[PDB]
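**Student:** File run.txt follows (compact mmCIF, C-alpha atoms (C1' of nucleotides)):
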```txt
# COMPACT_ATOMS: atom_id res chain seq x y z
CA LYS Y 1072 19.85 -45.00 -35.71
CA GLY Y 1073 20.31 -42.43 -32.92
CA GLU Y 1074 23.57 -40.79 -34.07
CA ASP Y 1075 24.10 -37.21 -35.22
CA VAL Y 1076 23.80 -36.14 -38.86
CA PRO Y 1077 27.04 -36.10 -40.91
CA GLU Y 1078 28.72 -33.16 -42.62
CA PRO Y 1079 27.01 -31.78 -45.74
CA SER Y 1080 28.16 -31.98 -49.35
CA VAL Y 1081 27.70 -30.03 -52.60
CA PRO Y 1082 23.97 -29.57 -53.37
CA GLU Y 1083 22.64 -31.05 -56.60
CA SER Y 1084 21.40 -27.65 -57.78
CA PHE Y 1085 24.99 -26.45 -58.10
CA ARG Y 1086 25.76 -29.49 -60.24
CA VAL Y 1087 22.78 -28.57 -62.41
CA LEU Y 1088 24.11 -25.00 -62.62
CA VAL Y 1089 27.57 -26.22 -63.66
CA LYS Y 1090 26.07 -28.53 -66.28
CA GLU Y 1091 23.91 -25.74 -67.71
CA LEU Y 1092 26.81 -23.26 -67.74
CA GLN Y 1093 29.03 -25.71 -69.62
CA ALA Y 1094 26.22 -26.22 -72.15
CA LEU Y 1095 26.62 -22.53 -73.04
CA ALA Y 1096 30.26 -23.22 -74.00
CA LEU Y 1097 31.58 -21.79 -70.73
CA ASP Y 1098 34.19 -23.73 -68.75
CA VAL Y 1099 33.29 -23.57 -65.05
CA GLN Y 1100 35.89 -25.38 -62.93
CA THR Y 1101 36.14 -25.72 -59.16
CA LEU Y 1102 39.66 -25.30 -57.77
CA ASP Y 1103 41.22 -25.92 -54.36
CA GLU Y 1104 43.69 -23.66 -52.54
CA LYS Y 1105 46.60 -24.83 -54.74
CA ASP Y 1106 44.82 -23.97 -58.04
CA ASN Y 1107 44.36 -27.62 -58.93
CA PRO Y 1108 41.11 -28.96 -60.41
CA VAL Y 1109 38.66 -30.54 -57.97
CA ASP Y 1110 36.22 -33.04 -59.49
CA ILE Y 1111 32.84 -32.55 -57.79
CA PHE Y 1112 31.13 -35.21 -59.94
CA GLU Y 1113 32.98 -38.20 -58.40
CA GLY Y 1114 34.57 -39.23 -61.69
CA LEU Y 1115 31.18 -39.82 -63.32
CA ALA Y 1116 31.59 -37.22 -66.09
CA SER Y 1117 35.25 -37.66 -67.14
CA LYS Y 1118 36.07 -39.70 -70.24
CA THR S 77 17.85 -6.20 -91.48
CA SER S 78 15.48 -8.60 -89.70
CA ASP S 79 12.70 -10.67 -91.31
CA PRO S 80 14.83 -13.17 -93.29
CA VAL S 81 11.85 -13.99 -95.53
CA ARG S 82 12.04 -10.53 -97.11
CA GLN S 83 15.80 -10.88 -97.62
CA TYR S 84 15.40 -14.29 -99.26
CA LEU S 85 12.58 -13.08 -101.51
CA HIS S 86 14.57 -10.02 -102.59
CA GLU S 87 17.62 -12.16 -103.36
CA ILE S 88 15.45 -14.56 -105.36
CA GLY S 89 13.92 -11.63 -107.23
CA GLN S 90 17.33 -10.29 -108.21
CA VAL S 91 17.77 -13.34 -110.49
CA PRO S 92 15.81 -13.05 -113.77
CA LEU S 93 13.79 -15.94 -115.15
CA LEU S 94 14.20 -17.68 -118.52
CA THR S 95 12.23 -17.72 -121.75
CA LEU S 96 11.33 -20.84 -123.74
CA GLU S 97 14.51 -20.53 -125.84
CA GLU S 98 16.59 -20.18 -122.68
CA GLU S 99 14.87 -23.13 -121.00
CA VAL S 100 15.35 -25.48 -123.95
CA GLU S 101 18.95 -24.29 -124.38
CA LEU S 102 19.80 -24.91 -120.73
CA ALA S 103 18.10 -28.32 -120.66
CA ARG S 104 19.94 -29.38 -123.82
CA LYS S 105 23.25 -28.20 -122.35
CA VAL S 106 22.54 -30.22 -119.20
CA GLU S 107 21.77 -33.34 -121.23
CA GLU S 108 24.92 -33.10 -123.33
CA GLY S 109 26.92 -32.36 -120.19
CA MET S 110 25.81 -35.55 -118.49
CA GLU S 111 26.42 -37.49 -121.72
CA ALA S 112 29.91 -35.98 -121.95
CA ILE S 113 30.53 -36.87 -118.30
CA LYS S 114 29.68 -40.48 -119.08
CA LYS S 115 31.85 -40.45 -122.22
CA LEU S 116 34.82 -39.08 -120.28
CA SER S 117 34.23 -41.70 -117.59
CA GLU S 118 34.38 -44.42 -120.24
CA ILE S 119 37.45 -42.86 -121.90
CA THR S 120 39.49 -42.61 -118.70
CA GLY S 121 38.10 -45.82 -117.19
CA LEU S 122 37.35 -44.28 -113.79
CA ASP S 123 34.29 -44.30 -111.55
CA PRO S 124 31.79 -41.63 -112.73
CA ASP S 125 31.09 -40.12 -109.30
CA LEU S 126 34.75 -39.16 -108.77
CA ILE S 127 35.01 -37.35 -112.11
CA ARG S 128 31.71 -35.67 -111.26
CA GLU S 129 33.28 -34.45 -108.02
CA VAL S 130 36.27 -33.12 -109.97
CA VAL S 131 34.02 -31.21 -112.37
CA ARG S 132 31.97 -29.81 -109.47
CA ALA S 133 35.15 -28.63 -107.75
CA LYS S 134 36.34 -26.93 -110.93
CA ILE S 135 33.04 -25.08 -111.49
CA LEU S 136 32.76 -24.01 -107.85
CA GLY S 137 36.39 -22.88 -107.86
CA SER S 138 38.90 -22.41 -105.08
CA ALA S 139 36.27 -20.29 -103.29
CA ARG S 140 34.47 -23.50 -102.30
CA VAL S 141 36.82 -25.27 -99.89
CA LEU S 151 38.12 -33.85 -101.53
CA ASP S 152 41.23 -31.65 -101.41
CA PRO S 153 43.00 -29.35 -103.91
CA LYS S 154 45.85 -31.80 -104.64
CA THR S 155 43.67 -34.72 -105.78
CA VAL S 156 41.32 -32.63 -107.92
CA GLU S 157 44.25 -30.79 -109.52
CA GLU S 158 46.11 -34.04 -110.21
CA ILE S 159 43.13 -35.64 -111.92
CA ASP S 160 42.34 -32.39 -113.76
CA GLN S 161 45.76 -32.56 -115.40
CA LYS S 162 45.41 -36.35 -115.72
CA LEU S 163 42.51 -35.58 -118.07
CA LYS S 164 44.30 -32.81 -119.98
CA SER S 165 46.67 -35.60 -121.09
CA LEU S 166 43.84 -37.10 -123.15
CA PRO S 167 44.22 -36.20 -126.85
CA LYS S 168 42.16 -33.62 -128.71
CA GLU S 169 38.76 -34.38 -130.35
CA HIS S 170 38.05 -36.40 -127.20
CA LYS S 171 38.46 -33.22 -125.12
CA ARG S 172 35.40 -31.23 -126.22
CA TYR S 173 33.38 -33.40 -123.82
CA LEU S 174 35.17 -31.84 -120.85
CA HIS S 175 34.23 -28.31 -121.94
CA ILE S 176 30.68 -29.54 -122.51
CA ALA S 177 30.54 -30.97 -118.99
CA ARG S 178 31.81 -27.68 -117.54
CA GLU S 179 29.20 -25.77 -119.54
CA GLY S 180 26.48 -28.20 -118.46
CA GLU S 181 27.36 -27.79 -114.78
CA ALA S 182 27.21 -24.02 -115.18
CA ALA S 183 23.89 -24.44 -116.99
CA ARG S 184 22.56 -26.44 -114.05
CA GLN S 185 23.55 -23.56 -111.78
CA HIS S 186 21.68 -20.99 -113.89
CA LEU S 187 18.64 -23.25 -114.30
CA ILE S 188 18.34 -23.85 -110.55
CA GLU S 189 18.79 -20.18 -109.67
CA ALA S 190 16.22 -19.11 -112.26
CA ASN S 191 13.66 -21.78 -111.31
CA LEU S 192 13.95 -21.27 -107.54
CA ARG S 193 10.71 -19.26 -107.69
CA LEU S 194 8.68 -22.42 -108.33
CA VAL S 195 9.68 -23.47 -104.81
CA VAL S 196 8.23 -20.37 -103.15
CA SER S 197 5.13 -20.41 -105.34
CA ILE S 198 4.32 -24.02 -104.42
CA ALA S 199 5.42 -23.77 -100.77
CA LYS S 200 3.47 -20.63 -99.87
CA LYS S 201 0.33 -22.81 -99.55
CA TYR S 202 1.88 -25.33 -97.14
CA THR S 203 2.24 -23.14 -94.04
CA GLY S 204 0.71 -24.20 -90.74
CA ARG S 205 1.63 -27.91 -90.76
CA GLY S 206 4.30 -27.79 -88.04
CA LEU S 207 7.10 -26.64 -90.36
CA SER S 208 8.03 -23.01 -90.90
CA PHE S 209 7.99 -21.46 -94.37
CA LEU S 210 11.78 -21.41 -94.79
CA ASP S 211 12.20 -25.14 -94.10
CA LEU S 212 9.49 -25.87 -96.66
CA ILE S 213 11.29 -23.68 -99.18
CA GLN S 214 14.67 -25.31 -98.61
CA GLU S 215 13.22 -28.80 -98.95
CA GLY S 216 11.57 -27.63 -102.16
CA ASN S 217 14.96 -26.53 -103.47
CA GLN S 218 16.19 -30.05 -102.68
CA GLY S 219 13.36 -31.49 -104.75
CA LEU S 220 14.15 -28.96 -107.47
CA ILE S 221 17.76 -30.12 -107.69
CA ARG S 222 16.55 -33.72 -107.98
CA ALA S 223 14.08 -32.72 -110.70
CA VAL S 224 16.75 -30.77 -112.60
CA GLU S 225 19.17 -33.69 -112.48
CA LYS S 226 16.56 -36.22 -113.66
CA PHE S 227 14.85 -34.02 -116.28
CA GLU S 228 14.72 -35.29 -119.89
CA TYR S 229 14.02 -32.53 -122.42
CA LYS S 230 13.39 -34.96 -125.31
CA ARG S 231 9.72 -35.12 -124.28
CA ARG S 232 9.39 -31.38 -125.15
CA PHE S 233 7.49 -30.89 -121.88
CA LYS S 234 7.95 -27.72 -119.86
CA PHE S 235 10.15 -27.84 -116.77
CA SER S 236 7.30 -26.79 -114.47
CA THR S 237 5.40 -30.03 -115.17
CA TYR S 238 8.26 -32.29 -114.09
CA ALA S 239 9.40 -30.00 -111.27
CA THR S 240 6.05 -29.63 -109.50
CA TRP S 241 5.76 -33.35 -108.73
CA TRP S 242 9.24 -33.51 -107.23
CA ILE S 243 8.57 -30.34 -105.22
CA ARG S 244 5.35 -31.71 -103.76
CA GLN S 245 6.99 -35.05 -102.96
CA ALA S 246 9.91 -33.34 -101.20
CA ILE S 247 7.67 -31.00 -99.20
CA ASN S 248 5.34 -33.82 -98.17
CA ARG S 249 8.21 -36.08 -97.10
CA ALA S 250 9.70 -33.21 -95.10
CA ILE S 251 6.32 -32.66 -93.43
CA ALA S 252 6.08 -36.34 -92.54
CA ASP S 253 9.64 -36.47 -91.20
CA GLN S 254 10.02 -33.14 -89.35
CA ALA S 255 6.56 -31.97 -88.23
CA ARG S 256 6.41 -34.06 -85.04
CA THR S 257 8.80 -34.31 -82.09
CA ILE S 258 8.34 -38.09 -81.89
CA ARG S 259 9.13 -39.46 -85.34
CA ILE S 260 6.34 -41.58 -86.82
CA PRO S 261 6.88 -43.40 -90.14
CA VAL S 262 5.53 -41.85 -93.32
CA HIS S 263 2.94 -44.59 -93.88
CA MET S 264 1.50 -44.22 -90.38
CA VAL S 265 1.46 -40.43 -90.76
CA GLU S 266 -0.54 -40.88 -93.97
CA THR S 267 -2.85 -43.28 -92.10
CA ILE S 268 -3.41 -40.62 -89.42
CA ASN S 269 -4.05 -38.13 -92.23
CA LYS S 270 -6.72 -40.42 -93.69
CA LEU S 271 -8.27 -40.88 -90.24
CA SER S 272 -8.46 -37.13 -89.66
CA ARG S 273 -9.97 -36.35 -93.06
CA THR S 274 -12.52 -39.16 -92.70
CA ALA S 275 -13.47 -37.94 -89.22
CA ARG S 276 -13.96 -34.34 -90.31
CA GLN S 277 -15.98 -35.36 -93.38
CA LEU S 278 -18.21 -37.64 -91.26
CA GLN S 279 -18.66 -34.81 -88.70
CA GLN S 280 -19.59 -32.34 -91.47
CA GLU S 281 -22.17 -34.64 -93.05
CA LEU S 282 -23.74 -36.02 -89.85
CA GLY S 283 -23.61 -32.71 -87.92
CA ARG S 284 -21.87 -33.81 -84.70
CA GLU S 285 -18.66 -35.42 -83.48
CA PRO S 286 -18.55 -39.00 -84.83
CA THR S 287 -17.90 -42.10 -82.78
CA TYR S 288 -14.94 -44.41 -83.39
CA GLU S 289 -17.14 -47.19 -84.80
CA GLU S 290 -18.58 -44.97 -87.54
CA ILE S 291 -15.12 -43.87 -88.68
CA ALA S 292 -13.92 -47.48 -88.66
CA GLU S 293 -16.95 -48.56 -90.71
CA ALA S 294 -16.32 -45.72 -93.17
CA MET S 295 -12.66 -46.67 -93.64
CA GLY S 296 -13.45 -50.20 -94.82
CA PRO S 297 -12.15 -53.72 -94.22
CA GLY S 298 -9.42 -54.20 -91.64
CA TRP S 299 -10.48 -51.31 -89.39
CA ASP S 300 -12.23 -51.61 -86.02
CA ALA S 301 -12.89 -49.17 -83.20
CA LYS S 302 -10.01 -50.56 -81.12
CA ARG S 303 -7.42 -49.90 -83.80
CA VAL S 304 -8.87 -46.41 -84.31
CA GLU S 305 -8.45 -45.65 -80.60
CA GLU S 306 -4.85 -46.87 -80.70
CA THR S 307 -4.15 -44.78 -83.81
CA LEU S 308 -5.51 -41.64 -82.13
CA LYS S 309 -3.48 -42.56 -79.03
CA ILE S 310 -0.18 -42.83 -80.91
CA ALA S 311 -0.80 -39.51 -82.70
CA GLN S 312 -0.42 -37.54 -79.45
CA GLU S 313 2.34 -34.96 -79.03
CA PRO S 314 4.19 -34.16 -75.78
CA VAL S 315 3.22 -31.03 -73.89
CA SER S 316 5.49 -28.31 -72.52
CA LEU S 317 6.77 -28.47 -68.94
CA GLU S 318 6.42 -24.67 -68.66
CA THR S 319 2.69 -24.32 -69.36
CA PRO S 320 1.49 -21.37 -67.23
CA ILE S 321 -0.97 -22.42 -64.52
CA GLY S 322 -3.18 -19.91 -62.73
CA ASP S 323 -3.45 -16.17 -63.22
CA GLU S 324 0.05 -15.21 -62.08
CA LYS S 325 3.08 -16.09 -64.20
CA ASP S 326 4.77 -18.18 -61.51
CA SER S 327 3.34 -21.74 -61.62
CA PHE S 328 4.41 -24.23 -64.28
CA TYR S 329 3.20 -27.73 -65.08
CA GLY S 330 6.59 -29.39 -64.62
CA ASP S 331 6.79 -28.06 -61.06
CA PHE S 332 4.13 -30.66 -60.15
CA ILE S 333 5.92 -33.75 -61.55
CA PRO S 334 7.49 -36.09 -58.94
CA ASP S 335 10.41 -38.47 -59.38
CA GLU S 336 9.37 -42.12 -59.20
CA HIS S 337 12.77 -43.59 -60.19
CA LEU S 338 15.30 -42.70 -57.49
CA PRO S 339 14.85 -44.42 -54.10
CA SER S 340 13.38 -42.33 -51.31
CA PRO S 341 15.38 -41.60 -48.13
CA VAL S 342 13.19 -44.07 -46.21
CA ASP S 343 13.85 -46.80 -48.78
CA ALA S 344 17.61 -46.21 -48.74
CA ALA S 345 17.68 -46.38 -44.93
CA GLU Z 474 48.25 -3.67 -77.81
CA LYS Z 475 51.22 -1.60 -78.97
CA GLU Z 476 48.99 0.25 -81.45
CA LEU Z 477 46.49 1.22 -78.74
CA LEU Z 478 49.30 2.13 -76.34
CA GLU Z 479 50.54 4.53 -79.02
CA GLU Z 480 46.97 5.77 -79.48
CA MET Z 481 46.79 6.52 -75.74
CA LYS Z 482 48.94 9.62 -76.43
CA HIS Z 483 46.30 11.40 -78.52
CA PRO Z 484 45.20 14.86 -77.34
CA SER Z 485 41.61 13.86 -78.14
CA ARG Z 486 39.68 12.68 -75.08
CA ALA Z 487 37.05 10.73 -77.05
CA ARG Z 488 39.75 8.89 -79.00
CA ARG Z 489 41.52 8.09 -75.73
CA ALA Z 490 38.29 6.73 -74.22
CA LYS Z 491 37.58 4.54 -77.25
CA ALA Z 492 41.15 3.22 -77.32
CA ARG Z 493 40.94 2.49 -73.58
CA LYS Z 494 37.69 0.58 -74.13
CA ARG Z 495 39.38 -1.52 -76.82
CA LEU Z 496 42.43 -2.04 -74.60
CA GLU Z 497 40.26 -3.33 -71.75
CA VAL Z 498 39.06 -6.32 -73.80
CA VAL Z 499 42.44 -6.80 -75.51
CA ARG Z 500 44.24 -6.98 -72.15
CA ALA Z 501 41.56 -9.25 -70.69
CA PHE Z 502 42.16 -11.67 -73.56
CA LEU Z 503 45.94 -11.42 -73.19
CA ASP Z 504 45.86 -12.00 -69.42
CA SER Z 505 43.31 -14.83 -69.40
CA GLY Z 506 45.04 -16.70 -72.22
CA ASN Z 507 41.75 -17.23 -74.04
CA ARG Z 508 41.81 -17.21 -77.82
CA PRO Z 509 39.38 -14.85 -79.58
CA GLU Z 510 38.42 -17.56 -82.09
CA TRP Z 511 36.89 -19.53 -79.20
CA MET Z 512 34.07 -16.96 -79.28
CA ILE Z 513 33.06 -18.62 -82.56
CA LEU Z 514 31.41 -22.01 -82.09
CA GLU Z 515 32.35 -25.02 -84.21
CA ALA Z 516 30.83 -27.78 -82.04
CA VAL Z 517 27.76 -26.99 -79.93
CA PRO Z 518 27.48 -28.90 -76.62
CA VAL Z 519 24.31 -30.82 -75.81
CA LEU Z 520 22.91 -30.77 -72.28
CA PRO Z 521 22.41 -34.12 -70.52
CA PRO Z 522 18.91 -35.53 -71.09
CA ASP Z 523 17.92 -35.72 -67.42
CA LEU Z 524 18.04 -31.91 -67.24
CA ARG Z 525 15.75 -31.68 -70.30
CA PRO Z 526 13.52 -34.63 -69.43
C1' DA E 1 8.57 -66.82 -90.71
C1' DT E 2 6.31 -62.41 -90.24
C1' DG E 3 4.93 -56.71 -90.67
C1' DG E 4 6.45 -52.84 -90.28
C1' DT E 5 9.64 -50.08 -92.25
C1' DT E 6 12.52 -47.24 -96.18
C1' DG E 7 13.36 -45.26 -100.12
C1' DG E 8 11.58 -43.90 -105.10
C1' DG E 9 8.07 -42.41 -108.45
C1' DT E 10 3.99 -39.97 -110.46
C1' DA E 11 4.99 -35.58 -117.62
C1' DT E 12 -0.95 -29.77 -119.80
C1' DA E 13 0.99 -25.95 -116.97
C1' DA E 14 1.86 -24.51 -112.62
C1' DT E 15 7.57 -18.98 -111.33
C1' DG E 16 8.46 -12.61 -104.75
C1' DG E 17 4.37 -14.31 -98.21
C1' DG E 18 1.93 -12.58 -94.90
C1' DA E 19 0.63 -10.62 -89.81
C1' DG E 20 0.41 -6.51 -87.69
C1' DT E 21 0.12 -2.84 -81.56
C1' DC E 22 0.01 0.33 -79.24
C1' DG E 23 -2.12 3.51 -70.50
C1' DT E 24 6.17 2.76 -67.95
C1' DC E 25 10.59 4.38 -66.14
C1' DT E 26 15.43 4.61 -66.04
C1' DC E 27 20.25 4.02 -67.87
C1' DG E 28 23.97 3.98 -71.20
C1' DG E 29 25.83 4.09 -75.53
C1' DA E 30 25.13 6.44 -80.52
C1' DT E 31 24.59 10.51 -84.03
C1' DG E 32 24.21 14.95 -85.29
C1' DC E 33 24.15 19.95 -84.05
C1' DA E 34 26.57 24.49 -82.42
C1' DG E 35 31.15 26.29 -80.99
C1' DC L 1 38.44 18.63 -80.93
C1' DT L 2 35.03 19.97 -77.02
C1' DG L 3 30.52 20.27 -75.54
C1' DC L 4 25.83 19.82 -75.74
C1' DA L 5 21.81 17.17 -76.67
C1' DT L 6 18.44 14.58 -77.95
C1' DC L 7 17.52 9.57 -79.75
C1' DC L 8 16.86 4.45 -79.29
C1' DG L 9 17.18 0.14 -77.30
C1' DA L 10 17.63 -2.84 -73.11
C1' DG L 11 16.14 -4.37 -68.89
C1' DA L 12 13.71 -4.12 -64.35
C1' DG L 13 9.44 -3.31 -61.05
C1' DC L 14 7.35 -7.73 -52.51
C1' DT L 15 6.63 -12.67 -50.23
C1' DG L 16 3.70 -16.68 -49.36
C1' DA L 17 -0.76 -19.93 -49.81
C1' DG L 18 -3.44 -21.68 -53.83
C1' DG L 19 -3.90 -21.64 -59.10
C1' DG L 20 -4.88 -26.63 -64.16
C1' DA L 21 -4.39 -30.50 -95.27
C1' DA L 22 -1.71 -37.53 -101.29
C1' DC L 23 -1.44 -41.96 -103.45
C1' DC L 24 1.06 -45.41 -105.12
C1' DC L 25 5.01 -48.93 -105.52
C1' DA L 26 8.26 -52.17 -104.44
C1' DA L 27 12.25 -53.43 -101.98
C1' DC L 28 14.22 -54.38 -97.13
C1' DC L 29 15.54 -55.58 -92.44
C1' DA L 30 14.31 -56.82 -86.62
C1' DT L 31 12.83 -60.31 -84.59
```
Please, can you express the file's structure as structure tokens?
**Tutor:**
Amino acid sequence: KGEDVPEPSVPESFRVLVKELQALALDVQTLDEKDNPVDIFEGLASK
Amino acid sequence: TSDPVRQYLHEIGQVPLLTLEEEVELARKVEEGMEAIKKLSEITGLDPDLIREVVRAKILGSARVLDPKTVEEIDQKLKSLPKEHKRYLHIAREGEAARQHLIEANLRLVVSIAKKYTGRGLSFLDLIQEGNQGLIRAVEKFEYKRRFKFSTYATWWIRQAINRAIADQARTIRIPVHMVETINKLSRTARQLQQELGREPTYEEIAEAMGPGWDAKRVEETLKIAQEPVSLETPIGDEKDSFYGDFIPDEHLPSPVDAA
Amino acid sequence: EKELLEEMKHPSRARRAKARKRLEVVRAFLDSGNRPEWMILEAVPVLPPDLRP
DNA sequence: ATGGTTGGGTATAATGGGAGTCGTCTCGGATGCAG
DNA sequence: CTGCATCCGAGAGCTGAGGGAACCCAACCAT
């Protein structure tokens, strides 16, 4: 369309890494500067 | 330390077997124990399985973790029953213990039968455990009035259990027992035809040798459905760096061109 | 933790090193808030199917 | 209405398995010895 | 209670391209 490319996001391989690390009964959680949870899965994995 | 087969065999060996007197004694105790269970069920008017659970809990003891309160309450709810009608309870306890000794002593039939079933997709230990399951069923259903030895009635149950376990757990994609037996017949017919004729047989010859209701098309389909998935990590080439799954593309998600 | 802190006064150097090694893990558990029993599994998680296709 | 499926049974006697690996180096606990 | 001192087991060793073994028996659910 002639515009410039947008800003990048989290690569899918890191999501695969998080999923595989949780499968080993390890809780890997991404946090922001205020120590609050940040959901990188866009609410697609929360019950 | 390692090699759990040796540990299991040693533990099995630590239990002595029985003699004919012991076998008949234990079987008779088991029979009178089930009869006493049924008599107590009639006396109290309750469902037999629940009283069976209470007896099992009492034999196993507090060691085996159904809760303590219920089983204790009904245990004393049976102590209320008057004498003469109480011997049955002691006979049921003795019979349950007798079942425990009989099973522990006859475990060796499981290994003896199962040692000739290796190489069918199930490890030795799974075969052995399924054989113990068949052994418990055989023990529970055994009738000693026929004066037949335990081995005769136990072997059939053991073979049935092992064969059902093979049909149910040998393949990643579950195929019903009857179709697994059909595949078994197809394989044995094919190998026999190959041995007699001296070369790999065609589908039509196998279909003709099976009998009515079998054509070459159904034989191809049966061989088709007997296939097992392959591993995604099959090493390709000389170096240990190329896998099969690394050459599999996604055909589901839309491509960037399609999304645009 | 109190028992190993008391042990940290032993003249023996090997005993002190072993007690320090035990205290490392004990203090890691106390600081993180993790329970030791969580090192024993009761339910085993199952990976999503698309990562084991 | 139809096949394909699901669970149950077989009674001389049958009672501790079976495969095996060798031409590497370096690092950090572990065990047993003299002082 | 130190210090030596082997003794054993664990975990690594370039990139890239290319690599191809039963039978029967009878009930029961999906569609």
**Student:** Identify every residue of chain L that has at least one atom within 12 Å of any atom of chain Z, counting only C-alpha atoms (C1' of nucleotides), and report the result as a list in words.
**Tutor:**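 Within 12 Å of chain Z on chain L, we get residues 1, 2 and 3 of chain L.
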**Student:** With C-alpha atoms (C1' of nucleotides) retained, write the just-selected residues as a PDB file, in the frame of the given file.
**Tutor:**
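Wrote again_1.pdb, looks like this:
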```
ATOM      1  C1'  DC L   1      38.440  18.630 -80.930  1.00  0.00           C
ATOM      2  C1'  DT L   2      35.030  19.970 -77.020  1.00  0.00           C
ATOM      3  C1'  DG L   3      30.520  20.270 -75.540  1.00  0.00           C
TER       4       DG L   3
END
```
**Student:** Write out, as a tab-separated table, each residue of chain E that has an atom at most 8 Å from chain S, together with the closest pair of atoms and their distance in Å to one decimal, counting only C-alpha atoms (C1' of nucleotides), rows going by chain and rising number.
**Tutor:**
```
residue	atom	partner	partner_atom	distance
E:5	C1'	S:261	CA	7.5
E:10	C1'	S:241	CA	7.1
E:11	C1'	S:238	CA	5.8
E:12	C1'	S:237	CA	7.9
E:13	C1'	S:237	CA	6.3
E:14	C1'	S:236	CA	6.2
E:15	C1'	S:194	CA	4.7
E:16	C1'	S:85	CA	5.3
E:17	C1'	S:200	CA	6.6
```
**Student:** For chain S against chain Z, which residues fall within 12 Å using all atoms listed in the file, given as a count of residues only?
**Tutor:** 9
**Student:** Choose the residue, out of Z:491, Z:523, Z:517, Z:511, that has the smallest atom-to-atom separation from chain E; count all atoms listed in the file.
**Tutor:**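 Once distances to chain E are computed over all atoms listed in the file, the minimum belongs to Z:491.
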**Student:** Excluding residue 493 (chain Z) and any residue of its chain fewer than 3 positions from it, enumerate the residues within 8 Å of it, using only C-alpha atoms (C1' of nucleotides), and give them as a VMD selection string.
**Tutor:** chain Z and resid 477 481 489 to 490 496 to 497
**Student:** Could I get the residues of chain L with an atom no further than 9 Å from an atom of chain S, each paired with its nearest atom pair and that distance in Å to one decimal, using all atoms listed in the file, sorted by chain and residue number, as a tab-separated table?
**Tutor:**
```
residue	atom	partner	partner_atom	distance
L:19	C1'	S:322	CA	4.1
L:20	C1'	S:321	CA	5.8
L:21	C1'	S:205	CA	8.0
L:22	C1'	S:266	CA	8.1
```
**Student:** Pull out every residue of chain Y sitting within 8 Å of chain Z, counting all atoms listed in the file, and send them as a VMD selection string.
**Tutor:** chain Y and resid 1087 1090 to 1091 1093 to 1096
**Student:** Can region 485-494 of chain Z be brought up to N, CA, C and O atoms and written out as a compact mmCIF listing (two decimals), in the frame of the given file?
**Tutor:**
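New file part29.txt:
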```
# COMPACT_ATOMS: atom_id res chain seq x y z
N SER Z 485 43.05 14.03 -78.17
CA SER Z 485 41.61 13.86 -78.14
C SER Z 485 41.19 12.99 -76.96
O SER Z 485 41.75 11.91 -76.74
N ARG Z 486 40.19 13.45 -76.21
CA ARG Z 486 39.68 12.68 -75.08
C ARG Z 486 38.78 11.54 -75.55
O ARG Z 486 38.83 10.44 -74.99
N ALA Z 487 37.94 11.78 -76.56
CA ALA Z 487 37.05 10.73 -77.05
C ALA Z 487 37.85 9.59 -77.66
O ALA Z 487 37.53 8.41 -77.44
N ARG Z 488 38.88 9.92 -78.44
CA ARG Z 488 39.75 8.89 -79.00
C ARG Z 488 40.42 8.09 -77.90
O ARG Z 488 40.52 6.86 -77.98
N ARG Z 489 40.89 8.78 -76.85
CA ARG Z 489 41.52 8.09 -75.73
C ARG Z 489 40.54 7.15 -75.04
O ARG Z 489 40.90 6.03 -74.67
N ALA Z 490 39.29 7.59 -74.86
CA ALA Z 490 38.29 6.73 -74.22
C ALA Z 490 37.98 5.50 -75.07
O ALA Z 490 37.87 4.39 -74.54
N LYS Z 491 37.87 5.68 -76.39
CA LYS Z 491 37.58 4.54 -77.25
C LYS Z 491 38.75 3.56 -77.27
O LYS Z 491 38.56 2.33 -77.21
N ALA Z 492 39.98 4.08 -77.35
CA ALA Z 492 41.15 3.22 -77.32
C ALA Z 492 41.26 2.49 -75.98
O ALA Z 492 41.65 1.32 -75.95
N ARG Z 493 40.93 3.16 -74.88
CA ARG Z 493 40.94 2.49 -73.58
C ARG Z 493 39.90 1.38 -73.53
O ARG Z 493 40.15 0.31 -72.96
N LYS Z 494 38.72 1.62 -74.10
CA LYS Z 494 37.69 0.58 -74.13
C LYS Z 494 38.16 -0.63 -74.92
O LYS Z 494 37.94 -1.77 -74.51
```
